[PDB]
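Going left to right, the sequence shown walks through residues 1 to 62 as the deposited numbering numbers them.
Positions of the beta carbon are idealized from the N, C-alpha and C atoms, including for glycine.
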Amino acid sequence: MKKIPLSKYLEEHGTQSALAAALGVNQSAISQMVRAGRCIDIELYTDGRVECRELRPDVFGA
């Protein structure tokens with residue numbers, strides 16, 4: 001897979017809502033990750049899927 005930085009992914013590839021939709025998580029998660037100021041590695045698959053392994057469903061019951 002191709003590791004993209006969180007903020008850079010949110011500029012070019014998709015939005016914060018689109019990201020939460022692809023992960024199957026809440027936007028409360030994504031906005032916490034962004035406002036934490038931690039650059040997250042977005043696991044970009046060749047089909048177009050993305051996975052944030054930093055962001056487990058155990059974050060908020062996402």
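If the criterion is Cβ atoms closer than 8 Å, does the pair residue i and residue j meet it?
{"i": "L44", "j": "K8", "result": "no"}
{"i": "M33", "j": "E54", "result": "yes"}
{"i": "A62", "j": "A29", "result": "yes"}
{"i": "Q16", "j": "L23", "result": "no"}
With which residues is residue i paired in a DSSP beta bridge?
{"i": "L44", "result": "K2, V50"}
Quick one, which of the options has its alpha-carbon nearest residue i's?
{"i": "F60", "options": "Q16, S31, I40, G37", "result": "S31"}
{"i": "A18", "options": "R38, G37, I42", "result": "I42"}
{"i": "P57", "options": "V25, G37, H13, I4", "result": "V25"}
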